[PDB]
Amino acid sequence: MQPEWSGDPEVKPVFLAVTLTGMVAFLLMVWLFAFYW
Amino acid sequence: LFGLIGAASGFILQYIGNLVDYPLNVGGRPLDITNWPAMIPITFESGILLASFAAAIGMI
Amino acid sequence: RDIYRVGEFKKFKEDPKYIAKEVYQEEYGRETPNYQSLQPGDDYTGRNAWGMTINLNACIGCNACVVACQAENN
Amino acid sequence: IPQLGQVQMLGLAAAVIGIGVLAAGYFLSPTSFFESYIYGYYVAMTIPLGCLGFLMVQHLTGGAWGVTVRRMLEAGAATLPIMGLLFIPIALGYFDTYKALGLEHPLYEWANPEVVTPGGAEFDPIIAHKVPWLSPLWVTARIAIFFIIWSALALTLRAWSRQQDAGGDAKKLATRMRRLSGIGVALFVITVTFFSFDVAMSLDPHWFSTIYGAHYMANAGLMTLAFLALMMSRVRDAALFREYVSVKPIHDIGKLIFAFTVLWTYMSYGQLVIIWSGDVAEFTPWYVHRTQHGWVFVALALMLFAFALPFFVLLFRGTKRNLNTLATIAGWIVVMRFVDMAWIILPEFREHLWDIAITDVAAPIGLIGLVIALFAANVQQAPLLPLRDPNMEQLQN
Amino acid sequence: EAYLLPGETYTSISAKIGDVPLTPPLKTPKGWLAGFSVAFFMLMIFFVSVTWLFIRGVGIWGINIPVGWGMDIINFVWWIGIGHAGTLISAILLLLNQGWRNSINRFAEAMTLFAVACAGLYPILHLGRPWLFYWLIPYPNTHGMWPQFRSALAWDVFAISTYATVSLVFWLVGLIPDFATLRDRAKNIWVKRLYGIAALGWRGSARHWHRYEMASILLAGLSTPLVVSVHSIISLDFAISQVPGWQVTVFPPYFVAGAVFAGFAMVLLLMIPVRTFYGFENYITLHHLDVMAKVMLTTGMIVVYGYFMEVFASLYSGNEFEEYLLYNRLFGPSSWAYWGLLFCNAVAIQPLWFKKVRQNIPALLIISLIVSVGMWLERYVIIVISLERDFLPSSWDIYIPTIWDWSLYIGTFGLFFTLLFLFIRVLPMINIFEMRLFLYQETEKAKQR
Ligand SMILES: CCCCCCCCCCCCCCC(=O)OC(COC(=O)CCCCCCCCCCCC(C)C)COC(=O)CCCCCCCCCCCC(C)C
Ligand SMILES: CCCCCCCCCCCCCCC(=O)OC[C@H](COP(=O)(O)OCCN)OC(=O)CCCCCCCCCCCCCC
Ligand SMILES: CCCCCCCCCCCCCCCC(=O)OC[C@H](COP(=O)(O)OCCN)OC(=O)CCCCCCCCCCCCC
Ligand code: SF4
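Chains as they are written, first to last, in the deposited numbering: chain I, 1 to 37; chain D, 61 to 120; chain B, 736 to 809; chain F, 11 to 407; chain C, 16 to 464.
So this is what it looks like as structure tokens:
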């Protein structure tokens, strides 16, 4: 069974955006809790 | 996938926290992999939690 | 329960460990209790180790020590 | 049915070979034969006790799986009176039959007179404290009473099921069996727990575990469920197992095997964490004996092969739906149950992993072969899947 | 007996259950107002008790040096054990394909959520420095300190938090189809768009149901080990300790069986009034009450087996401490708890064996209330009596509860009932779907005879 959104231009872009958001959040959190002191 | 990730994350969290970052002798309990008892429950709970969130969010 | 151990002096002179050799014969049937532990502990072989010995024969129950702890540890 | 006869013949061959090597071991040393026999009886007893427990539980809770294996569970339960006769050699060991048959000392520590009598050469006080409860006459009477309760429940339930074929099955008989099963499940749990405590926990009187017996019931349940899956592959073609069966009963039995495997692991881990975390000298020795002289390797093998490998393999919808894959896992689980019980019973006597005798392997194979032969003899007495049953509609979904 | 009374239609199930919520505020029945007022008054008692606890400290209770754990832990265990029965109904019966879970899964699961909410306060309230609860949780701090992770209270933090989140997500997933029916029948533009956002445009259809059914089975499969693990961990803390009564190997399974037994009594006590007050007699039949009573009897027998195992352990061992534990339970200053325990959970369950007693609705209510009191007494016996007398005779003292811990107990009852009343006012008590699906399954069974 295909996903409902299969065959959409927006799928790769939304996945990318979610990954970029996540990476940014992770780096910022890491900096504050590990390197900011 | 997320259940296995959660179980591994819980185990690694306990190991790094209590046997590597701050090594603290508590009750004479071992500071090695022989401390695998008293490490199971957190692993199981983390695995179940992440598996449940994965199921619900993936369905949605 | 084995909280306080009391022994005669004449028997003590013949064997100092007689009080400890007894009790374990009544409880386990053997002079020495073979206690077994699943937990390793720490060596402590080459480092300062702090321990206290209290002599039951010497204590008179004055309670001076309790007052001393209260003054020292607030 | 020809496959059933082949299974019976294979079980008989395994039995005669196992008894024959056990007899050769007895000639060299009587003591080794008796210690091996106690382990062999304990592992063999699981298939009949498990069959009785599942039969009563399925009567209480109607299921498609329960209707499919009801006749096979009844046949396995029916072998319980013969199992009581097999207990007689163990009884001779702890009675005054010692000093004869070549036994230097009684099979059980409580049986030995010096240990339980004041002024005795050893006179261990803890074993002496339990002398009235742990005495040869009292132990035999309780085990015999348990056998009478087990035999009466198994024979009465089988007789009512055979009667169901003749008449009055719409509400009568089915309600009666359900009522006998409900009172029976409580009697079965109490009798099995005490039987496990007397036969195995009493080997070392110094140690006692409350969870023990419940763990044996889980171990018996896994062994019987694995045995049922192996038998079902052999009887997959039998005509009544052709127009009246579907993938759903096989899938349900696979789910039950997975639940029993996780349940057994939970009971074993629960005992280990409580004893390990509460480091009290009284309960520490049992774990110390099972983690020394190579026994640690057997414990690691149970943790990996017995628990992780089945849990991952049975985590898929396929490998439980498919009978052949369910059979291969079921044979592996049975081998792991034999290893688990050897780890539970053998360290009491061997003291070293390399000290295990051929008789230790011989006694379980010979006794379980007798059990299989009797089971295959009984199951051919009556047709499988009793057609006259108000639950036959669950098989037609 | 049947689990569904005949004469039901898909429209009738939508209209009957749908009518209870969505009724105009001014048309709320007076019984709801009375019950909500009582619950709110007990909630005010709860607020006063918590405020004075925070102002003065945990010293207002009856706890002392030997008994460091008093009625706070007893009530925590009681409330957390109430929530096992609903989780069982929601998950295990789904796995077991049992057909009596359809009409009672929603209310039982709501009871689980509210009981977990009530029981989650006690770990913070009893803490002595309640505002430092976050220290148990791993969190980035400048100190570099970590939780021990080898104690059982660290396990409690992970178990209760995981249990609450999984129960909430499973309950919300079940409500998503029900929200879709409510938004369609809301009849007010503002009432719609509130159920509609919660529904997330469910638009029930094939290729949505197929994923929904698989996800529900997977969530039910994950929850069954979770609930057993939660109660086993709430049993491990006593078991890990070297206290003689506390360290028992049978504690984990026995505690799980006790939780289902106590929870089923609470579910029977609350479900029977809801069934009679609304026209839910067709949805919840006498057969549902009879089967629930049989499950309660089955788990009660396991609790009695746990007692028998404990007594056999006391008589078996030669330790002076086990023998004195038995003596103090039987003839000690707190023997009343043990005698009431033996009366309430062993003698009361024996009538349940007879079919006539299970059929009678008054008999079930009386037995369920006795079981609820007996389970509280069991927790009291396990904790307080064991803590009162220990290895050293010089450190022996009696525990006498004050009025403030009782005030907290009634306050938690009030909070629980307030949450239940708001739930029944706003959301549907009975799953609207899985009840019409039950009707579909029953009609198909009739066709195949
Ligand atoms: C001592 C620790 C004990 C650990 C207990 C482990 C067992 C609990 C497992 C959870 C249920 C998985 C069902 C999967 C599924 O839905 O299977 C379907 C078939 O569908 C499929 O093809 C595959 C589905 C994907 C499954 C992935 C699951 C994630 C991995 C697990 C991560 C675990 C955590 C801990 C890291 C059909 O199968 C079923 O649904 C049958 C369900 C049977 C319920 C089993 C109940 C467990 C009883 C033992 C529990 C013991 C206590 C101590 C926890
Ligand atoms: C409460 C906690 C622990 C639970 C442990 C048991 C594990 C339960 C989960 C596994 C489910 C297995 C798959 C489903 C199945 O095969 O059973 C369904 C069965 C038949 O249902 P139909 O398909 O025929 O539909 C009928 C209605 N339409 O339903 C049953 O009858 C239930 C089977 C019996 C359950 C056996 C568990 C007994 C628990 C023993 C506990 C021992 C404790 C020892 C200390
Ligand atoms: C090693 C061998 C195995 C031994 C196992 C021993 C332990 C077994 C315990 C089983 C307890 C069962 C209690 C009785 C429940 C009951 O009454 O059954 C009702 C149902 C529904 O069937 P219906 O409609 O009434 O009629 C069927 C015929 N048409 O069947 C069920 O089993 C589901 C009910 C819910 C199950 C409750 C038991 C859960 C036990 C949890 C505690 C476990 C402790 C570790
Ligand atoms: S100060 Fe007094 S009470 Fe304290 S140890 Fe010395 S003699 Fe005993």
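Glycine included, every Cβ here is placed at the ideal spot set by N, Cα and C.
Endpoints, the alpha helix (DSSP H) within which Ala230 of chain C is located: Counting from 1 along the fifth sequence, the entry for residue 230 of chain C is found at position 215. Segment 224–255, the alpha helix (DSSP H) holding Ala230 of chain C.
Beta-carbon spacing of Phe438 of chain C, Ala54 of chain C below 8 Å: To locate residue 438 of chain C, count along the fifth sequence from 1; it is residue 423. To locate residue 54 of chain C, count along the fifth sequence from 1; it is residue 39. Not closer than 8 Å, so no.
Ligand 4 heavy atom lying under 7 Å from the CB of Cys794 of chain B: Here the question's residue 794 of chain B lines up with position 59 in the third sequence. Yes - ligand 4 has a heavy atom lying nearer than 7 Å to the Cβ of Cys794 of chain B.
Simplified DSSP state of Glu132 of chain F, which is helix, strand or coil: To locate residue 132 of chain F, count along the fourth sequence from 1; it is residue 122. Coil at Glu132 of chain F, not helix or strand.
CB contact flag (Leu392 of chain C, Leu430 of chain C, <8 Å): Here residue 392 of chain C refers to the residue found at position 377 when the fifth sequence is read from its first residue. Here residue 430 of chain C refers to the residue found at position 415 when the fifth sequence is read from its first residue. Taking a C-beta distance under 8 Å as the contact criterion, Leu392 of chain C and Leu430 of chain C do not qualify as a contact pair.
Residues of its chain near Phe51 of chain C, where Cβ-Cβ distance is below 6 Å and the 5 sequence neighbours each way are ignored: Here residue 51 of chain C refers to the residue found at position 36 when the fifth sequence is read from its first residue. The residues are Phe436.
Cβ-based burial, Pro13 of chain I [other Cβ within 10 Å; buried from 16]: In the first sequence, counting from the first residue as 1, residue 13 of chain I sits at position 13. Exposed, since its Cβ has fewer than 16 Cβ neighbours within 10 Å.
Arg80 of chain F, DSSP secondary structure in three states: By one-based count along the fourth sequence, residue 80 of chain F stands at place 70. In the three-state reduction of the DSSP assignment, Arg80 of chain F falls in the helix class, which pools H, G and I.
Contacts that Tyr279 of chain F makes with chain D (C-beta to C-beta distance below 7 Å): By one-based count along the fourth sequence, residue 279 of chain F stands at place 269. Simply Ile100.
Nearest candidate by alpha-carbon position, reference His99 of chain C, set C:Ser247, C:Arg208, C:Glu23: What you label residue 99 of chain C is simply residue 84 of the fifth sequence in a count that begins at 1. With distances taken between Cα atoms, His99 of chain C lies closest to C:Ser247.
Helix, strand or coil at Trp274 of chain F according to DSSP, with G and I counted as helix: As a working note, residue 274 of chain F is residue 264 in the fourth sequence. Of the three classes helix, strand and coil, the one that applies to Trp274 of chain F here is helix, per DSSP.
Element boundaries [alpha helix (DSSP H), containing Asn120 of chain C]: Residue mapping note: residue 120 of chain C aligns to position 105 of the fifth sequence, counting from 1. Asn120 of chain C: member of the alpha helix (DSSP H) spanning 120–134, first to last residue.
Terminal residues of the alpha helix (DSSP H) in which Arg152 of chain F lies: The residue you call residue 152 of chain F lines up with position 142 of the fourth sequence. 146–176 is the span of the alpha helix (DSSP H), which, as asked, contains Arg152 of chain F.
Interface residues of the region 276–302 of chain F facing chain B [CB-CB below 7 Å]: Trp286, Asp289, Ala291, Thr294, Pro295, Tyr297, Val298
Segment limits, alpha helix (DSSP H) that includes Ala392 of chain F: Start at 1 with the first residue of the fourth sequence, and residue 392 of chain F comes out as number 382. Annotation: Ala392 of chain F is outside any alpha helix (DSSP H) and is labelled neither H nor E by DSSP.
Same chain, Cβ closer than 6 Å to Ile317 of chain C, five either side skipped, listed in chain order: On the fifth sequence, residue 317 of chain C is found 302 positions in, with the first residue counted as 1. Hits under 6 Å: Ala272.
Start and end residues, alpha helix (DSSP H) containing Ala115 of chain D: What you label residue 115 of chain D is simply residue 55 of the second sequence in a count that begins at 1. Its alpha helix (DSSP H) spans residues 100–119.
Pair within 8 Å by beta-carbon distance, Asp81 of chain D and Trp161 of chain C: Within the second sequence, the letter at position 21 stands for residue 81 of chain D. Within the fifth sequence, the letter at position 146 stands for residue 161 of chain C. Going by C-beta atoms, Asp81 of chain D is nearer than 8 Å to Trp161 of chain C.
Proximity to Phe148 of chain C [Cα-Cα], best of C:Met126, C:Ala134, C:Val172: For the purposes of this step, residue 148 of chain C is identified with residue 133 of the fifth sequence, where counting begins at 1. Nearest option by C-alpha distance: C:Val172.
Short-range partners of chain D found in the region 762–779 of chain B, where Cβ spacing is below 7 Å: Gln774, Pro775, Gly776, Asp777
Beta-carbon separation (whole angstroms), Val263 of chain C vs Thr220 of chain F, contact threshold 8 Å: As a position in the fifth sequence, residue 263 of chain C is number 248, starting the count at 1. As a position in the fourth sequence, residue 220 of chain F is number 210, starting the count at 1. About 5 Å separates the two Cβ atoms, so the contact holds.
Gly294 of chain C (DSSP reduced to helix, strand or coil): As a first step, residue 294 of chain C is located in the fifth sequence; it is residue number 279 there, counting from the start. Coil, per DSSP.
Neighbour flag for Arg218 of chain C against chain I, beta carbons, 8 Å: Within the fifth sequence, numbered from 1, the residue matching residue 218 of chain C stands at position 203. Not closer than 8 Å to any Cβ of chain I, the Cβ of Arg218 of chain C fails to qualify, so no.
Residues of the region 141–157 of chain C whose Cβ lies closer than 9 Å to any Cβ of chain I, in chain order: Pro155, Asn156, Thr157
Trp96 of chain D versus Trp274 of chain F: straight-line alpha-carbon distance, rounded: The sequence position of residue 96 of chain D within the second sequence is 36, counting from 1. The sequence position of residue 274 of chain F within the fourth sequence is 264, counting from 1. Rounded to the nearest angstrom, the two C-alpha atoms are 19 Å apart.
Opening and closing residue of the alpha helix (DSSP H) in which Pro768 of chain B lies: To locate residue 768 of chain B, count along the third sequence from 1; it is residue 33. Element bounds for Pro768 of chain B: n/a, residue is neither H nor E.
Residue range of the alpha helix (DSSP H) that includes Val181 of chain C: Taking the fifth sequence and counting its residues from 1, the one referred to as residue 181 of chain C is at position 166. Where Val181 of chain C is concerned, the enclosing alpha helix (DSSP H) stretches over 167–200.
Local conformation of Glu757 of chain B per DSSP, three classes: The residue labelled residue 757 of chain B in the question sits at position 22 within the third sequence. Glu757 of chain B falls in the helix class under three-state DSSP.
Beta-carbon separation (whole angstroms), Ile378 of chain F vs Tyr52 of chain F, contact threshold 8 Å: Reading the fourth sequence from its first residue, position 368 is the one you call residue 378 of chain F. Reading the fourth sequence from its first residue, position 42 is the one you call residue 52 of chain F. The pair is not a contact, with the Cβ atoms about 11 Å apart (cut-off 8 Å).
Anticipated Cβ contact below 8 Å, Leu238 of chain F with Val79 of chain F, distance rounded: The residue given as residue 238 of chain F occupies position 228 in the fourth sequence. The residue given as residue 79 of chain F occupies position 69 in the fourth sequence. That belief holds up - the Cβ atoms of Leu238 of chain F and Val79 of chain F are roughly 5 Å apart, short of 8 Å.
Rounded straight-line distance, which links the Cα of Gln16 of chain F to that of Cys359 of chain C: The count along the fifth sequence starts at 1 and reaches residue 359 of chain C at position 344. The count along the fourth sequence starts at 1 and reaches residue 16 of chain F at position 6. Between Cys359 of chain C and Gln16 of chain F, the alpha-carbon positions lie close to 56 Å from each other.
CA-to-CA distance, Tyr210 of chain C to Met86 of chain C, given in whole angstroms: Residue 86 of chain C sits at position 71 when you count from the first residue of the fifth sequence. Residue 210 of chain C sits at position 195 when you count from the first residue of the fifth sequence. Going by the C-alpha atoms only, they are around 41 Å apart.
Option nearest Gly159 of chain C by Cα separation, candidates D:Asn78, D:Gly70, D:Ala98, D:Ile65: The sequence position of residue 159 of chain C within the fifth sequence is 144, counting from 1. Closest by alpha carbon: D:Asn78.
CB contact flag (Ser118 of chain C, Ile447 of chain C, <8 Å): Residue numbering aside, residue 118 of chain C sits at position 103 when the fifth sequence is read from its first letter. Residue numbering aside, residue 447 of chain C sits at position 432 when the fifth sequence is read from its first letter. No, the Cβ-Cβ distance between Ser118 of chain C and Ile447 of chain C is not below 8 Å.
Proximity test, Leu111 of chain C beta-carbon vs ligand 3 heavy atom, cut-off 7 Å: For the purposes of this step, residue 111 of chain C is taken as the residue at position 96 of the fifth sequence. Flag set: Cβ of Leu111 of chain C near ligand 3.
Backbone secondary structure at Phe369 of chain C - three-state DSSP: Against the fifth sequence, residue 369 of chain C aligns to sequence position 354. Of the three classes helix, strand and coil, the one that applies to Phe369 of chain C here is coil, per DSSP.
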